[PDB]
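The form deposited in one PDB entry is given below as one chain in structure tokens.
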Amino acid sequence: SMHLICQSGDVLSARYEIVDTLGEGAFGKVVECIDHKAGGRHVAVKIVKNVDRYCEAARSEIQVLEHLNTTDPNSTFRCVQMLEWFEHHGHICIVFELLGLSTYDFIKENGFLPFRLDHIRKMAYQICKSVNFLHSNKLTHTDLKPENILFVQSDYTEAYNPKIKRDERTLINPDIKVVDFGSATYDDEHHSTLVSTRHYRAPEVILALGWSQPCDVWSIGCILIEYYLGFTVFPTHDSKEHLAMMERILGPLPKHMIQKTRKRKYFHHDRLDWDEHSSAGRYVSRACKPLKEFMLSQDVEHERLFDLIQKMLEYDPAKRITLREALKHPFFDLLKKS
């Protein structure tokens, strides 16, 4: 029924007039509205599908953001500001400060070109700071990805780039915020070993070994390579294929993780049950290669980023870098200058 209530001109809750759709997802829709009771200020309204799983996720997000916005009222740690919620013809709607495009959408609109490295450095720093603030308050996000990082302002300048024979957009201000707190889980809540639709998903989640804060660090590792390359390094929707891709980029999985997993289907003896010479197997060999071979330059700033990424993509969550540590990494020295 959503198409009947999310059109340009519709009014929600006797105050918000829909201008246009900003984007869609599995959850529903985000629309830009005029708030007729706050002087015409533009806001963003998430309209949530009338489906039990998303309604429960939306109620959860509301609890989480209430706690985070009162703990950090000035958005020092860059979590999105929720302004209120209401119900409209059986759909939960949540009102946010209006931001710019998602980082995914910016890449897409720019023809799948990567961000340049000085912007990557700022964005990475801000993402690590924001999610470490979550990790300090006994939370894990669990669903970090480029669609869920948004530019405060997505405005750009435009010129012809003769090095790659095409026009190129250059961001003016790379400041970001983190969104989507519907899967966010407290340390003391139930940690469901089941997880749903994502491929920023850590190896401990795939193998059902239990998870906590480190799973976020793995996701951030994936985001940073994507910003550097302009495309995903794990393009797959099959778990076993995903594990095969990991092995090609990062080497074989630790033996103690293979012995512990209850998911025996993926393994024969203590090896991944993967035919290298199948149709899908040859696609993996051709798309994926060892991590450092993705580097586009041997310059030391590039090597610094890739050392950070590698520590984030440690298989064993007990050994993986924490965000506290990552904020001190040399890659970020260039921001602290004086």
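What we label the rigid core is the largest C-alpha set whose atoms superpose within 1.5 Å from one form to the other. Residues carry their position along the shown sequence, with the first being 1.
Not on display, but discussed next: the form deposited in another entry.
Which of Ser136, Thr157, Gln153, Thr197 has its C-alpha displaced by 2 Å or more between the shown form and the other one after core superposition? Once the cores are aligned, the residue moving by 2 Å or more is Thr197.
How does the C-alpha distance between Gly221 and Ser196 change in that other deposited form compared with the present structure, closer or farther, given a change of 3 angstroms or more? Relative to the shown form, the pair is closer.
Taking the cut-off of 3 Å or more as given, in which direction does the distance between the C-alpha atoms of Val51 and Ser196 change in that other deposited form, closer or farther? Pair moves farther apart in that other deposited form.
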